[PDB]
Amino acid sequence: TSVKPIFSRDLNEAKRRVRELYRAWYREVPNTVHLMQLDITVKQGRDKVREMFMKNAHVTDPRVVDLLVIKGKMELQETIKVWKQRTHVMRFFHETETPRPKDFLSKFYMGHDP
Amino acid sequence: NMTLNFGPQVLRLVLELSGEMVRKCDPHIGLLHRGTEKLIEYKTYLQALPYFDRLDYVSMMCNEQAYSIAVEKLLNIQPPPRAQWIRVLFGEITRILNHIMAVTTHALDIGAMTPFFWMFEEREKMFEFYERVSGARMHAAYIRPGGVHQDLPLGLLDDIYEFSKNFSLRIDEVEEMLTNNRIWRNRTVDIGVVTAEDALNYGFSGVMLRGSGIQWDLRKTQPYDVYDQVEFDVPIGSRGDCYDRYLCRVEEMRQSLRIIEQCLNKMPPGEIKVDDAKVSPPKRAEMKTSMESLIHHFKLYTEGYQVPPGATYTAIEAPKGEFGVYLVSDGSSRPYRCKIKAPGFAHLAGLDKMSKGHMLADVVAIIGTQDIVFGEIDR
Amino acid sequence: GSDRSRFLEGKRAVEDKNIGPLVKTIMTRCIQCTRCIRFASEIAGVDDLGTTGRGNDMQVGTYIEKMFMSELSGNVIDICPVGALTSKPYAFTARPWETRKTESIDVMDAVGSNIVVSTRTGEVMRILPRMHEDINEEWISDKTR
Amino acid sequence: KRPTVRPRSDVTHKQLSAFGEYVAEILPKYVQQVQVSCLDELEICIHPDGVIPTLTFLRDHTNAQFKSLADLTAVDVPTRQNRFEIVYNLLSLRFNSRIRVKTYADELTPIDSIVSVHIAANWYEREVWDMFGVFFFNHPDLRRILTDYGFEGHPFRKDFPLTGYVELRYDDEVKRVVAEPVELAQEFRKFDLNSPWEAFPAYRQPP
Amino acid sequence: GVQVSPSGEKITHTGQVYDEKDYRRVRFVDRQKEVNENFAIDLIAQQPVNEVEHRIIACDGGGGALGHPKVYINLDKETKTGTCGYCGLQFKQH
Amino acid sequence: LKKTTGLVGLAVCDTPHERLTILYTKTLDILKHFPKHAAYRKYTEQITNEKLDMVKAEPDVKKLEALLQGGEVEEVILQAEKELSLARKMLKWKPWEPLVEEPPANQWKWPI
Amino acid sequence: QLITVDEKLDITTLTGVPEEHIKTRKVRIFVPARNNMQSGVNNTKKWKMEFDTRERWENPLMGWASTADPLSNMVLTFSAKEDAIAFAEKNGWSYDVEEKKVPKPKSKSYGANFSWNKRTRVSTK
Amino acid sequence: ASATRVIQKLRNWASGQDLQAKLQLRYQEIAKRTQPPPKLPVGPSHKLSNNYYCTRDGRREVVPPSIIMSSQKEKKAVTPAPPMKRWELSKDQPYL
Amino acid sequence: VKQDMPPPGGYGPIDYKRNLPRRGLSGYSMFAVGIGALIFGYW
Amino acid sequence: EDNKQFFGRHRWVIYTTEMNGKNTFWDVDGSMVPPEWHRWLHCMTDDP
Amino acid sequence: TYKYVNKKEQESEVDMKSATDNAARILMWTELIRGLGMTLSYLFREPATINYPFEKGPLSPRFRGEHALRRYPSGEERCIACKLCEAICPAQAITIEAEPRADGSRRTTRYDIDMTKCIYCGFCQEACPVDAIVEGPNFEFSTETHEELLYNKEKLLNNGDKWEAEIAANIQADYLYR
Ligand code: SF4
Ligand code: SF4
Ligand code: SF4
Ligand SMILES: [Zn+2]
């Protein structure tokens, strides 16, 4: 309830910053897959971007939103001022991982997870 | 602006250049982080020392000593005189080792590679001593809380004397090559020039201070050991350049022998580990005959010796500076946090200011002065 | 206690007894606390254990090679603070600190004896009672343990 | 006197207590829980809304001259709302002394920085933000320094385990150096060591 | 001394054997299985049974130091011997 | 007389005691702005009064320094300027006021 | 300045753990009962958070015990059930409690052992 | 040392110093190995009386801190401790 | 009986010192020598 | 042995041509030193 | 007792003689020639080098290298599964699994080490109350694979039955000090 804010006061200002950040990533990705000689498509990159955004959509707190924004901005700095490399950036796609079977029977036949 | 990377030839730098001179130097630390302060909390107070040897790997014993002193300030005890003296002795030997490595790696990264090969023989001699005493070359577990592990074999003191009889001539024979060579004078002079207020602020320590006129030595002040007994004159410089720093290191190399002479000629007889068998393990003969000593052996070596809830911040004059330890403890053998403080950290924080306006091949000399070691830094 | 012994003299020892295929008896360790004696003479109504002698020569254990087997024989282990009355199966297999003591119950009977199950590198090594002041009250059965 | 015990003097436990009363009556605000340890050290707990005032005071006021920030540190205790404990270990030369400042903080409760005063913190704060999760305002450059440039989490906390979540390896199938989930070979043995029998009857806590 | 199993594998001193159906015995192919030939059990059985008069006797393990801590044994049980846990030796009463 | 100090970033100040009177008078003239029930005033007032008495009682720096027992004259001047700025800042802050907001209970409780 | 938000806190995002290791992990908040072997009571003072266990198999090479989960050996301390619950529901896990099993008080009228009419009369000494 | 007089003279003229007196190598200027079995001392704590631990507990003389200005529980200008006594030069080689 | 590796009543004195020697000759000497050789060459 | 040289070089060893069914005229390790001599060779003692 | 480096006792002079020496040292390179002379000196000296396989460096009985379990003179082992080595090994390297022995005695069935983790410290031979395990002198056991270094009970027993002709003397010399 009665608490202290961070960088903002409401979901709406949080979201305006979030939209600025989306613009940044969208306008950036090409430079990445053109500098670091990647393989994936710009469209696939933008899909990953919007997915990493949508997967935090159960949020309410402006403080949480703002911390996530800060971390995203740090990562964007890291990327555009090229420090992350092919590996650092493709570490997202789980490209060497069998999609965790959500089929209850799959889990049954394979392991012990409930 | 030709911004580029720079590595070996660990030291990952990103230079923001302008033509041939520099505009900024951003280091990229973290290439040697492991999890020291995330492991210790899952361990006792007697299988942690190795971490403090591996930290600032050159000396290792002016670090084991810091850990021991912190644990002792917590446990409200003291070690015995023979232990304190031995510990001063090896502290000075490590001052020598670290000064040697800094000097010679400086001169090597520059290109002069003969003194390196020369002094490494004497370094091998010091390692022979570490072997005769501890058992292994470098990463000895010798110095421990509650005192020390084993006494000194009956063939060491003579060797130490015979080595000190000649280290001075070797130092002079290297000075003949360097401390007057116009080439070195021009590689170092007016480089890394620093002012006292900014040094203090940035948090510099030890040599990076007393090469700028300041008078700060945590052995004259905040005396943690018998260092109040023996004489040792502190050197300082007035200009604040890599040359003055080099000369400080050499003069400390010499005053360290001025210390060792007295350590030898006054080392008393006695014990090594304080006879409080709840803290330091006992001798094996008693461990085998008596019983209570065996119980304490068992406990010490399964559950480290309990420690009361406290907190401290110690400090040492390691070759570089304020090697500090913030050791928090609950009423348990497994501690709660062991924050190291290694000067390389602030030295890097001040690199971006000592390298504003100087050329590309002076960053190396700056780093040589700073005696950058990365084990202590990454943590 | 203290940090050393002022005993430059000789010690004593005592014969060991066979008491059952469960309770390994060493008896040069009994400090003579009498926990076993009282526990037996009160809980298990056995009335076979007792002390035989006076002075250091004292011992604790039946005067003959009788067997102290009972549905509750198997708690003198947890009660004897020392390793005189050890458990033969568990013995020589492991030590406590290595273990990851999980917590569970018994099924051998319909009582509900709270239990501590000790693990080791992914395997069971021993079972212990767990204090529930109502159901099992720090005592459990030979069978379940 | 006894050989195996340091001397518990009076000079320090008195001087530093006087200085504690001094700072307390000067800053009845931005202060709480001053204390002196049984081993000649001073700790000063303060609200995070007074950090820079306290530090400026201790750096400038002649009688303190606490110039050199010998260390900045964090600690994590999860049994409270404000779980992080930020620590500054400071040193003064003229008066040849040290001091310890503490201030509580919490994830989702950032802190005011001191870079304007002690430039050493410019990097300790980066460390803190990387490892624990505590944030600092008015800081020019704040980025992962120690860990990887893609690492995610906050390890030096007490929940992020020792081994970590991911391992690395090369997989010729793609020629890169990929990160997969942790499937160790040996398990991290955790030895139960805490012995019951109470040794310190002075630091006890009744029900 | 060592014995052998159907499949030729040198039984260890503690009954470890890889049965015919186990795939973990490829590492041996083109290689060997390290084992010690001197079995402690036989090497202690061979040893003579010590004899004494003082019913109680103190054992250390050889050297004054360098052996197992001083353990004191009783020997009044004339039915059989008295062993020492650490060293395995066994005494008898006269 | 002299040629330098012994540090780096300093100067051979040839006008001592005057900058000192200036700075101390200015400190006190700012303190005038402080409520008398502020300990900062109540203390630094007398501190600077005694420093002024000392500079007026010792005209030669080579003794004024060892008498003040602080650093060297230039360090003293620097520290006085710093105290001046500290005052100008504590004037905008209201520290002498009472406490801001007490903490929870189980915060400074170590052990835990 | 301040805010009026009566929402329950959750920082599962900043934490940095995946869905699997956050959801399927049942947390247990208990007090470690005494090791009956001992008689010590400086363990039954805290409130400990542990996780459910998981696969713990044997390596084929030598025989060690491995694990797929890192958290198995993550034991956390607390001084109060309310604070432990706050931390648990904050990190988002699914907590289950084991309430306090406390001993009873008793009247040890020693002299009763040497009684006349009662049955407590022991036959030993 | 096995080397020649003329070469000694030459290397010495080159360096400037003497070397046969402060060689680095080791020609029997050490302590023989195979040293004799030694016997060791003990501390002042291996007595038989007046050694009660309660006297020298060590890690129980500790006592928790002494709080001041908690939240619930004229004068002079003071400092945290006296100032630093200024240092002096040395009697041996203060300059360089 | 007790033997724990102490030293005798005293060891010798060590050189914690700089023996960096003063070697060479005078500038007038060196220069005039070089120039005399130069002149012989020219003649 | 030659006790007129400096340290580490005052002892030395000439290996064996063939050692346990093998041709070690060129091939030469440092593990072919049996222990009861190894100890002295490494300067641990002074009596063979 | 502080000092002063890189500073003249007072202001210098402008003597033509001093300027002459300065000019000479700036032209003809006296100091550089002195450095060359020093290098010549060390050239004409004896080198500290040694032939490794035929000459091996010095040491002391307290070395710490390859490991070795041990035995009594009566053939019997010394380990009894007291597990101190496991509970003190800073690296958690060791792995033990004990059992009874058909003859009734107490002994092991698994005493495995990972010499990739063993930092070669000494704590195990400090704790072992029976001197069973003794980190030994052998430092030549480099290999070509990462499975010749996960030693086990039998490899340790072989190393003991091999090197016991040296560890006996080493310890017989070293034990008194400890
Ligand atoms: S419980 Fe154990 S110690 Fe107590 S009398 Fe019985 S055997 Fe002896
Ligand atoms: S030497 Fe140290 S690290 Fe190696 S096994 Fe022994 S105790 Fe462990
Ligand atoms: S310390 Fe020695 S006796 Fe004990 S388990 Fe380890 S090797 Fe065996
Ligand atoms: Zn025996």
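Residues numbered from 1 in each chain as written, not as in the entry; some residues may be left out. Chains lettered and ligands numbered in written order. Part of a larger assembly, values for the part shown. Heavy atoms only, no water. Residues with missing side-chain atoms left out of burial classes, pairs and counts.

As recorded in the PDB header, cryo-EM is the method behind this entry, and the stated resolution is 3.82 Å.

As annotated in the PDB entry, chain J is NADH dehydrogenase [ubiquinone] 1 alpha subcomplex subunit 12 from Mus musculus.

In the Function (literature references left out) part of its UniProt record, chain D is described as follows: "Core subunit of the mitochondrial membrane respiratory chain NADH dehydrogenase (Complex I) which catalyzes electron transfer from NADH through the respiratory chain, using ubiquinone as an electron acceptor. Essential for the catalytic activity and assembly of complex I." UniProt's Subcellular location comment on chain D is quoted here verbatim: "Mitochondrion inner membrane". (UniProt positions renumbered as here; feature names shortened; annotations may be inferred.)

A. Highlighting the overall build of chain D. On a plain count of helices and strands, chain D comes out with three helices and seven strands. For chain D, the succession of helices and strands along the chain, N to C, is α-β-β-α-β-β-β-α-β-β. Expressed as lengths along the three principal axes of its C-alpha atoms, the size of chain D is roughly 70 × 50 × 35 Å. Split into buried and exposed, the 207 residues of chain D put 70% on the buried side. In chain D, the proportion of contacts linking residues at least 24 apart, taken out of those at least 6 apart, comes to 44%. Here chain D displays about 6,900 Å² of accessible surface, and carbon together with sulfur accounts for 52% of that area. The average position of the 25 basic charges and that of the 30 acidic charges among the side chains of chain D differ by 8 Å. (Helix = DSSP H or I, 4+ residues; strand = E, 2+ residues; numbered from the N terminus. Buried < 20%, exposed > 50% of the residue type's maximum accessible area, 1.4 Å probe, protein only. Contact = heavy atoms within 4.5 Å. Areas by Shrake-Rupley, 256 points an atom, 1.4 Å probe, with all protein chains shown as cover. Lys, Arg positive; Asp, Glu negative; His and termini not counted. Charge placed at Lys NZ, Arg CZ, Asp CG, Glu CD.)

B. View of the coordination of the zinc ion (ligand 4). All names here are of chain E. Those donors, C59 (SG), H68 (NE2), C84 (SG) and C87 (SG), are the protein atoms that reach the zinc ion (ligand 4), and they lie 2.0 to 2.3 Å from it. In this structure, the zinc ion (ligand 4) is surrounded by four donor atoms whose angles at the metal cover 99 to 115°, and the resulting shape is tetrahedral. Between consecutive donors of the zinc ion (ligand 4), the numbers of intervening residues give the motif C-x8-H-x15-C-x2-C. (Donors = N, O, S within 2.8 Å, 3.2 Å for Na, K, Ca; no water. Tetrahedral: all angles 85-135°; square planar, octahedral: opposite > 155°, others 65-115°.)

C. Representation of unusual backbone geometry in the model. Residue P111(F) is bonded to the preceding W110(F) through a cis peptide linkage, with omega at 5°. Turning to its location among the elements, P111(F) is positioned in the segment after α4 (73–92). For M60(B), which is not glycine, the phi dihedral falls at a positive 75°. Note on placement: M60(B) falls in the loop between α2 (49–54) and α3 (61–75).

D. Here's a closer look at the sheet that holds strand β3 (residues 21–27) of chain B. Residue and element names in this part refer to chain B. Strand order across the open sheet formed by three strands is β1-β2-β3, with antiparallel pairing between neighbours. Each edge of the sheet is formed by a strand with only one pairing partner; in this case those strands are β1 (4–6) and β3. Going across the sheet, the axis of each strand differs from the next one's by a mean of 30°, ignoring polarity. (Pairing = 2+ DSSP bridges. Axes fitted to C-alpha atoms, helices over the stretch in contact; angles between N-to-C directions.)

E. Spatial organisation of the site of ligand 3. Neighbouring ligand 3 are the residues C79(K), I80(K), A81(K), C82(K), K83(K), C85(K), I96(K), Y111(K) and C128(K). Looking at the shell around ligand 3 residue by residue, the classes come out as eight nonpolar, no polar and one charged. (Near = heavy atom within 4 Å. Nonpolar A, V, L, I, M, F, W, Y, C, P; charged D, E, K, R; others polar.)

F. Structural context of the packing of aromatic side chains. Scanning the model with the defined rule gives 51 aromatic pairs over all chains in all. Taking the centre distance of 6.0 Å and the plane angle of 90° together, the rings of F345(B) and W123(D) count as edge-to-face. Of the two residues, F345(B) is situated in helix α13 (residues 344–354) and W123(D) in helix α3 (residues 121–131); the pairing between them involves two chains. The class of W123(D) is buried, set by a relative accessible area of 9%. Where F40(I) meets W43(I), the ring centres are 6.1 Å apart and the plane angle is 70°; that geometry is what we call edge-to-face. Note on accessibility: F40(I) and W43(I) belong to one class, exposed. Among the aromatic residues, those joined into a cluster by ring pairs are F7(A), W129(D), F135(D) and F137(D). Sitting above the plane of the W123(D) ring, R126(D) keeps its charged end 4.9 Å from the centroid. Sitting above the plane of the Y336(B) ring, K158(D) keeps its charged end 4.9 Å from the centroid. (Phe/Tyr/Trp six-rings, centres within 6.5 Å; stacked < 30°, edge-to-face > 60°. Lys NZ or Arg CZ within 6 Å of the ring centre and 35° of its normal.)

G. Region of interest: the packing of helix α6 (residues 157–178) of chain B against helix α2 (residues 30–43) of chain K. Following both chains from N to C, one finds α6(B) and α2(K) inclined at 140°, their axes separated by 8 Å at the closest point. It follows that α6(B) is oblique to α2(K) by the angle criterion. Of α2(K), the residues touching α6(B) (which contributes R170(B), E173(B), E176(B) and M177(B)) are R34(K), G35(K), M38(K) and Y42(K). Each residue belonging to the contact of α6(B) with α2(K) can be placed in one class, and the counts come to three nonpolar, one polar and four charged. (Parallel < 35°, antiparallel > 145°, perpendicular 65-115°, else oblique.)

H. Here's a closer look at the sheet that holds strand β5 (residues 124–129) of chain C. Residue and element names in this part refer to chain C. Pairing is antiparallel in the open sheet, where three strands are placed in the order β3-β4-β5. Each having just a single partner strand, β3 (102–104) and β5 make up the two edges of the open sheet. Across the sheet, the mean angle separating the axes of adjacent strands is 30° when strand polarity is ignored. Note that β3 and strand β4 (residues 115–119) share three bridges and pair antiparallel.

I. Broad picture of the interface of chain B and chain D. With 53 residues of chain B in contact, the opposing surface of chain D contributes 57 residues. For the pair chain B and chain D, the two sides together bury roughly 5,100 Å², of which 57% comes from carbon and sulfur. Between chain B and chain D we count five salt bridges in total. In this structure, the salt-bridge partner of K339(B) is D71(D), at a minimum N-O distance of 3.8 Å. One can count 13 residue pairs in polar contact joining chain B with chain D. Those elements that place two or more of their residues in the side of chain B that touches chain D are β3, α1 (36–39), α3, α8 (196–202), β8 (337–341) and α13 of chain B. Within the side of chain B that touches chain D, the residues separate by chemical class into 22 nonpolar, 16 polar and 15 charged. (Buried area = accessible area lost by both parts, 1.4 Å probe. Salt bridge = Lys/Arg side-chain N within 4 Å of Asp/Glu carboxyl O. Polar contact = N/O pair within 3.5 Å; in protein donor to acceptor, adjacent residues only side chain to side chain.)

J. Here's a closer look at the nonpolar core. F52(B), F90(B), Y142(B), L152(B), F167(B), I260(B) and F323(B) are the most contacted members of the largest nonpolar core, which has 105 residues in total. Examining the composition of this core, we find that twelve residues originate from one element, helix α4 (residues 81–110) of chain B, more than from any other. Ignoring anything within four residues of it in the chain, the contact list for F90(B) reads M61(B), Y130(B), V133(B), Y142(B) and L152(B). Judged by nonpolar contacts, the second largest core, of 98 residues, contains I29(B), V101(D), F156(D) and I77(F). (Core = buried A, V, L, I, M, F, W, Y, C linked by side-chain atoms within 4.5 Å.)

K. Structural detail: the arrangement of the chains. Of all 30 pairs of chains that touch, the greatest number of contacts is found between chains B and D. At the level of C-alpha atoms, the two units chain E and chain H stay apart, their nearest approach being 14 Å.

L. Representation of the interface of chain H and chain B within the structure. Taken together, the contact between chain H and chain B spans 36 residues of the former and 37 residues of the latter. Among the residues of chain H in contact with chain B, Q24(H), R59(H) and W87(H) are the three that bury the most area, contributing 24% of the side total. Along the contact surface separating chain H from chain B lie two salt bridges. Two residues, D92(H) and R258(B), come together in a salt bridge whose shortest N-O distance is 3.9 Å. Our count for the chain H to chain B interface comes out at twelve residue pairs in polar contact.

M. Spotlight on helix α1 (residues 11–35) of chain A. Residues and elements named next belong to chain A. For α1, spanning 25 residues, the distance from its first C-alpha to its last is 35 Å, which sits close to the expected 36 Å at 1.5 Å a residue. When the local axis directions of α1 are compared, the greatest deviation, roughly 35°, occurs at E28, which is followed within four positions by the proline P30. Contact partners of the buried residues in α1: α2 (42–54) and α3 (62–80). A distance of 2.6 Å separates the backbone nitrogen of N12 from a side-chain oxygen at the start of α1, and that oxygen is part of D10. (Expected span 1.5 Å × (residues − 1). Bend = angle between axes of the 7 residues up to and from the residue.)

N. Structural view of the environment of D134(C). By the secondary structure assignment, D134(C) is in the segment after β5. Each C-alpha atom, one on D134(C) and one on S113(C), is 9.7 Å from the other, the two residues being 21 residues apart in sequence.

O. Expanded view of the pairing of β5(C). Residues and elements named next belong to chain C. Note that β4 and β5 share five bridges and pair antiparallel. Pairing of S118 across the sheet is with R126, part of β5. Between the antiparallel neighbours β4 and β5 lie four residues, among them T121 with a positive phi of about 45°.

P. Up close: the pattern of salt bridges. Residue and element names in this part refer to chain B. Applying the stated criterion across every chain yields a total of 103 salt bridges over all chains. Between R170 and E122 there is a salt bridge whose closest N-O contact spans 3.8 Å. Residue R170 is found in helix α6, and its partner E122 is found in helix α5 (residues 114–133); the two are separated by 48 residues along the sequence. Residue classification places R170 among the buried positions, given a relative accessible area of 3%. Look at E122 and you get buried, because its relative accessible area is 1%. One network of salt bridges, with partners in common, ties together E92, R95, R210, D217, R219, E252 and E317.

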